[PDB]
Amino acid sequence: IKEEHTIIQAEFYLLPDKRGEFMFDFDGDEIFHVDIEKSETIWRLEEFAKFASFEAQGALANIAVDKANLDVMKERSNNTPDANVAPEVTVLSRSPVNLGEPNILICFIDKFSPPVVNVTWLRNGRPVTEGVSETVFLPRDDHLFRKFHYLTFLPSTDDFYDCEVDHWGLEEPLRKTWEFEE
């Protein structure tokens, strides 16, 4: 056999928002990421924590330099702020949707930049704050970002769901609707 894999250490620092990021990718999936604020390693899947350990200070230090560099870079190009590339959204179930059996709706915001979005899940018109989770800003092969959003939902014949994505590159927030169909 032959093992083909790619580990990526992606980090960034973004102004004006003053928000950085330091994470590792394994064949496309987040191995983990550091919480630059709380200063802690957040494995993608908790089971990982029992196999490796990343001293979260390490990240904080690199972001410190990436903070510096951005001021260098921003000066080297006349503080010319590039354009904003509106993200592409798509709501899909995490597994086959049977009526009554718990599932999850994945809200995949893809191909965007800058790395900042406002995503909202709506169940039957109202915003849902419980049973919702999101991933950090994930890398792509290119220079753009993708980021996943999840909402635990009970496959009902009565409901409907929406994902609302608002990005500095959209005229009006985007809203993809999902809804059981049978």
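Numbers for residues come from their place in the sequence shown, where the first is 1.
- The stretch with the higher mean CA B factor, choosing between 132 to 140 and 31 to 39, is 31 to 39.
- As the entry records it, the average C-alpha temperature factor is higher for 76 to 84, out of 76 to 84 and 107 to 115.
- For the set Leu151, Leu45, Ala56, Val65, the PDB entry assigns the largest Cα B-factor to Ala56.
- Split the chain's modelled residues into thirds by C-alpha temperature factor. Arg123 is in the middle one.
- Ranked by C-alpha B-factor against the other modelled residues of its chain, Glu11 falls in the lowest third.
- When the modelled residues of the chain are ordered by their C-alpha B factor, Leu174 lands in the highest third.
- Ranked by Cα temperature factor within the chain, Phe22 sits in the lowest third according to the deposited record.
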